[PDB]
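Protein chains in written order, with the deposited numbering: chain E, 14 to 290; chain C, 15 to 290; chain F, 3 to 54; chain D, 3 to 54; chain B, 5 to 100, 125 to 190, 210 to 278, 285 to 352; chain A, 5 to 97, 125 to 190, 212 to 278, 285 to 352. Just so you know, even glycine gets a beta-carbon here, dropped at the ideal spot from N, CA and C.
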Ligand SMILES: Nc1ncnc2c1ncn2[C@@H]1O[C@H](COP(=O)(O)OP(=O)(O)OP(=O)(O)O)[C@@H](O)[C@H]1O
Ligand SMILES: Nc1ncnc2c1ncn2[C@@H]1O[C@H](COP(=O)(O)OP(=O)(O)OP(=O)(O)O)[C@@H](O)[C@H]1O
Ligand SMILES: [Mg+2]
Ligand SMILES: [Mg+2]
Ligand SMILES: [Zn+2]
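Okay, structure coming up:
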């Protein structure tokens with residue numbers, strides 16, 4: 014209680030070490046009395062501040078401590094629950110040596126107290142952006158993968174901005190980026206995202222590289238046929254083919270693109286397991 | 015300017031002080047590899063602590079000596095065993111770690127000698143010590159692998175035990191006698207087997223006065239007891255092992271069926287040692 | 003041009019065939035993330051470095 | 003007496019037989035303790051307590 | 005909260021009393037005190053002061069030499085010590125390239141120390157009785173000590189996930224599960240931490256204690272040793294720092310048995326001087342009444 | 005024998021410098037000093053202060069929070085710390128959990144981190160630190176950790213094949229560089245008290261038998277009186299102090315005074331560490347003792 018004053022004092026005084034623990038000791042006291050709500054607020058708040066003061070250590074510690082309480086008080090995953098953690102994620106230094114740790118800590122909690130096997134979507138969007146701040150592209154790609162619509166937007170931009178950065182682009186180069194969107198979203202069975210991500214990416218590819226093409230439409234579906242990117246064509250046809258779940262179409266598409274069936278061996282194999290039983 | 019220092023503390027009543035001070039100074043000799051100096055310092059210091067009835071400190075130094083012994087690779091000889099023997103005499107038979115000390119040196123006696131079980135001379139001293147602590151069985155073994163004196167104390171150990179018996183029996187006497195015969199026959203010490211058997215049988219006869227008659231032939235004598243079939247069997251077994259003749263062994267066992275079952279394990283080994 | 007005619011006739015025909023009857027999975031379909039069990043097969047690593 | 007005659011005739015005869023020719027191991031024999039490999043078979047524990 | 009350890013010192017239910025904390029504080033000295041104070045306060049009871057610390061200091065504290073076999077403390081009638089040495093502890097049980129290499133492996137200290145604890149449990153079951161009513165421990169710093177206190181649980185969670212070989216398994220689970228329920232019983236086992244008046248000690252204490260309660264261990268004591276209690286320039290200056298951490302101590306541990314202790318004018322050794330300083334753990338130190346005993350331990 | 009640790013502090017060959025001794029003495033404080041004194045004396049070199057002690061105190065000494073990932077000490081340009089925590093160390097890399132709660136896990140892991148720096152120099156990745164000061168635990172458990180190289184070897188011997217070769221080599225290197233008086237030395241932390249002094253003599257004797265370099269002995273918490287207690291306690295310290303000069307005459311004995319408070323923060327730590335470079339002198343530095351208060 015009255016001690017609270019004396020420590021925040023040490024904070025706004027230049028004694029980070031002092032304040033961090035003093036708070037923790039007082040915090041552990043709240044938990045001891047099972048006054049969880051009080052603890053959650055104390056710890057969480059104190060962390061954010063340490064992060065704002067650029068005190069990576071102390072801050073990261075409290076963040077975990079909060080999670081520890083979260084799992085102790087069995088805090089269910091909801092808006093207010095995710096909010097606190099999200100708020101903290103924004104103050105985390107993308108260079109924090111234990112970034113991935115923090116990310117995992119909360120995501121784990123999001124899973125244990127939710128019906129999502131991979132964590133809460135909303136929380137993912139925030140986490141994804143953070144990982145990218147640390148140039149952890151691959152790690153980010155996955156979180157956005159299982160995120161919200163915004164995650165999709167950042168995901169397509171993540172790949173696109175990467176494709177452009179390429180100095181020695183190639184016919185197969187474009188496929189390396191595009192295929193990811195199609196496959197990844199086809200793995201989590203998110204046809205809506207697969208189509209929208211594919212739409213934004215293909216349009217940007219066309220308005221920048223100006224590849225000679227002609228749109229082929231039929232029954233409502235459209236395939237942006239590229240005269241110099243056979244890979245892109247195959248990948249687009251694969252998307253629609255998975256929607257039909259028809260074994261014949263799957264076999265026909267692969268028999269025509271023998272090399273692409275070998276270049277996307279593993280992927281096509283799983284697709285036959287998910288959309289063809 | 016140091017040896018006095020602690021001994022001044024020892025007299026002033028500071029055993030703790032002197033013991034370690036000595037050890038620290040001792041380890042210094044070892045550090046300079048001046049083994050001989052260490053051996054003397056430690057050894058002497060121990061004896062004194064033992065004479066002062068300081069079981070702890072004393073026992074510690076004794077081991078420390080052995081530690082150096084094994085470090086300087088001190089070979090097992092008269093002077094080497096002597097020091098340890100001298101110390102064994104000052105050891106309190108009640109020392110909680112008696113067996114430890116005993117094993118410590120005996121182990122050393124083995125590592126630096128051709129004896130697989132340790133130096134005989136050292137055994138005689140160790141054996142007596144164990145007995146002081148009433149560790150009869152443990153003593154029996156060391157005397158077993160000791161000197162002539164060990165044999166004398168061994169027979170006395172068993173004999174004095176047999177007499178202490180209040181409810182003696184026909185098979186009772188066998189429990190003691192058989193040990194001598196078997197034990198010495200195991201280490202192939204016919205000389206000891208005969209002499210130990212002689213002193214024991216004579217004492218058994220001059221105290222219990224069992225009706226008997228000595229049977230002689232070709233130089234060998236079997237004190238036939240009219241009421242101790244076990245003793246007879248045991249005596250015959252001794253000589254039989256000397257012949258190493260399979261037939262005799264079979265004949266002796268076939269006549270004493272029950273004794274062949276009572277001494278099953280033993281006879282089995284005897285057929286492995288004296289009959290291949 | 004007519005250099006990529008063979009593949010064009012395939013893509014165009016395959017599409018027509020794959021959409022005669024409404025596919026089993028509509029474009030506005032999205033398996034709730036509460037049901038996703040696995041993340042499919044790991045894709046290969048891009049030979050390009052990232053930054054921003 | 004003649005109560006233990008049967009065994010006496012055995013012990014006496016066995017001795018005579020086992021000593022016609024000098025036994026392979028003389029009474030003055032003693033395997034140097036430097037050669038003893040094992041201590042034979044463990045004997046049973048006496049049912050008497052020791053002290054002195 | 006009574007500023008003394010009387011409740012415990014006189015307790016008749018307790019059987020295991022640990023003494024831990026950061027190093028250098030005096031876990032051996034304080035334990036030496038707790039030992040003497042209980043053997044004197046509880047006549048008809050036999051006590052044992054065993055040190056699981058690889059670097060035994062009980063022999064140094066009391067003075068006399070302790071080994072692998074229990075040895076009554078000179079001067080006491082019902083108080084023995086031990087101090088298990090891994091090396092010698094493996095040569096005795098073995099003589100009775126693996127055995128040697130076993131006493132040189134990190135953690136061997138704990139493992140064996142626990143085996144000795146198992147030895148006292150197996151005895152009460154064997155009908156042989158008990159050789160000691162209570163046991164004071166001279167543990168090592170906070171860290172490694174907690175590892176030893178986790179041995180019961182670990183040895184259990186491991187033993188579980190497992210021809211007389213079936214009998215052993217039974218005499219193994221039991222002996223362990225007992226030590227487990229024994230330590231989780233606030234009346235049979237408690238924890239006494241040894242700290243000083245300095246941040247790095249105080250804070251490490253708060254941490255150590257929190258862990259203990261999560262282990263379901265009884266913590267009903269806190270000794271604040273090496274206090275100056277000034278009123285030269287350094288002593289008055291250092292006392293200033295001590296009073297700073299002292300007041301904070303009264304806060305964090307208000308519902309705890311806080312027993313302050315002064316800094317002698319020398320080292321406290323030998324049952325003689327040890328008992329003279331231990332009396333303050335029974336009856337809180339008072340400058341007004343005991344302001345001269347502080348200098349009595351010198352020389 | 006120079007009463008300072010200059011020879012080492014300025015040494016350019018050493019890479020591993022252990023700091024052990026009984027507890028409470030100040031193995032973390034003294035190490036904090038040795039660390040600052042080397043990073044300042046050796047500019048073009050990067051130093052690491054890792055604590056293998058389960059109960060980490062480096063964070064307490066300096067003040068700032070250290071974790072599983074190396075963190076440069078605030079104020080220094082070439083000095084980082086670590087402090088390996090078994091639990092978190094096993095979660096990052125029903126068995127795993129139970130592994131970070133087993134006695135000895137501290138040593139094992141601490142050694143794995145040592146293996147990590149060895150595997151790196153071989154991997155061609157280079158070295159991240161020139162010298163490493165250790166904040167070991169009391170004498171006992173510490174010796175156990177120092178025996179890990181030999182034990183891990185004598186065990187590894189009595190035994212993807214290329215992986216075991218990489219391990220065998222890495223560890224062996226440690227064995228070779230640890231027995232080298234120029235690459236690794238030992239600095240003991242003791243006070244002016246029997247139970248400390250005597251435990252020191254013992255600890256040191258073991259070290260030499262381990263073939264470990266012991267070229268330093270710090271005598272901390274000395275009063276150097278000239285109240286009644288300080289003068290009385292100084293009397294005892296001088297008693298053990300004179301004996302110290304005897305047992306360690308051919309050793310680098312560096313005495314150290316008792317401050318009027320706790321020594322923390324790179325600021326006050328460096329102020330007290332200067333005495334390990336240039337022996338304390340009551341005539342010239344008789345006022346610095348009270349400068350660390352507050
Ligand atoms: N109450 C006290 N007053 C004054 N000095 C003390 C006190 N307690 C301990 N000491 C000092 O500390 C020494 C005893 O340390 P011990 O208490 O032996 O350390 P330790 O507990 O064994 O360290 P560790 O716990 O890591 O093994 C003595 O030499 C003495 O000078
Ligand atoms: N020169 C000194 N004079 C007085 N007190 C000191 C000095 N150096 C360190 N200390 C005290 O010791 C503390 C540091 O203890 P550390 O040195 O952290 O103990 P420790 O070595 O970790 O104990 P352990 O070895 O059992 O883990 C500081 O809080 C300080 O108060
Ligand atoms: Mg201690
Ligand atoms: Mg330390
Ligand atoms: Zn003073």
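Name the chain E residues that come within less than 7 angstroms of residue i, Cβ to Cβ?
i: residue 30(F); result: 205
With a CB to CB cut of under 7 angstroms and the five nearest residues on each side skipped, what residues in its chain are close to residue i?
i: residue 42(B); result: 13, 51 and 162
i: residue 60(E); result: 72, 75, 76, 79 and 101
i: residue 276(B); result: 292, 315 and 340
i: residue 49(E); result: 82 and 86
i: residue 235(B); result: 17, 18, 19, 20 and 229
i: residue 16(C); result: 39
i: residue 254(C); result: 262, 263 and 266
Please list the partners that residue i has in chain B, where partner means a Cβ-to-Cβ separation under 8 angstroms.
i: residue 34(E); result: 250
i: residue 16(E); result: 304
Give me the chain C residues within the contact set of residue i, using Cβ-Cβ distance strictly less than 7 angstroms, ordered along the chain.
i: residue 279(B); result: Missing from the coordinates is residue 279(B); the shown part of chain B jumps over it, going from 278 to 285.
i: residue 351(A); result: The premise fails here: residue 351(A) is roughly 37 angstroms from chain C at the closest Cβ pair, so nothing lies under 7 angstroms.
i: residue 253(A); result: 38
Taking 8 angstroms as the limit between beta carbons, can you name the residues of its chain near residue i, skipping five residues before and five after?
i: residue 47(A); result: 82
i: residue 352(B); result: 319
i: residue 7(A); result: 310, 311, 312, 313 and 337
My assumption, with CB atoms under 8 angstroms, is that residue i sits in contact with residue j. Please give the rounded CB distance.
i: residue 138(B); j: residue 165(B); result: Contact flag wrong, Cβ pair sits at about 12 angstroms.
i: residue 70(B); j: residue 36(B); result: In fact, because the Cβ distance is near 12 angstroms, the residues do not count as touching under 8 angstroms.
i: residue 25(A); j: residue 240(A); result: 4 angstroms
i: residue 222(A); j: residue 153(A); result: 7 angstroms
For residue i, which residues in chain A fall below 9 angstroms Cβ to Cβ?
i: residue 22(C); result: Near residue 22(C) there are no residues of chain A at all, since even the closest Cβ is about 15 angstroms away, more than 9 angstroms.
i: residue 71(E); result: 68 and 69
Which same chain residues end up closer than 6 angstroms to residue i when comparing Cβ atoms and leaving out the 5 residues on each side of it in sequence?
i: residue 98(E); result: 119
i: residue 150(E); result: none
i: residue 236(C); result: 229 and 249
i: residue 270(E); result: 247
i: residue 65(E); result: 104
i: residue 61(A); result: 32
i: residue 267(A); result: 237 and 310
Counting only Cβ pairs nearer than 7 angstroms, list the residues of chain A close to residue i.
i: residue 123(E); result: What residue 123(E) touches in chain A: nothing, since even the nearest Cβ is about 17 angstroms away.
i: residue 74(E); result: 69
Given that residue i touches chain C, what residues does it touch there, using C-beta distances under 8 angstroms?
i: residue 257(A); result: 41 and 45
Anything in chain F within Cβ reach of residue i, meaning under 7 angstroms, just list it in chain order.
i: residue 269(E); result: 12
Counting only Cβ pairs nearer than 9 angstroms, list the residues of chain E close to residue i.
i: residue 4(F); result: Those do not exist, as residue 4(F) stays about 10 angstroms from chain E at its closest Cβ, beyond 9 angstroms.
Using the beta-carbon of each residue, find all residues closer than 5 angstroms to any heavy atom of ligand 5 and list them in chain order. 285(B), 288(B), 285(A) and 288(A)
4 or more residues per run - each alpha helix (DSSP H) lying fully within the region 6 to 51 of chain F: 7 to 19
Mind listing which residues have their beta carbon within less than 6 angstroms of any non-hydrogen atom of ligand 4? Chain order is fine. 31(A), 32(A), 61(A) and 166(A)
Runs of alpha helix (DSSP H) lying entirely within the region 240 to 267 of chain C, each at least 4 residues, in chain order: 243 to 257
Suppose only complete runs of 4+ residues qualify. What are the alpha helix (DSSP H) ranges in the region 310 to 344 of chain A, listed by chain order? 323 to 331
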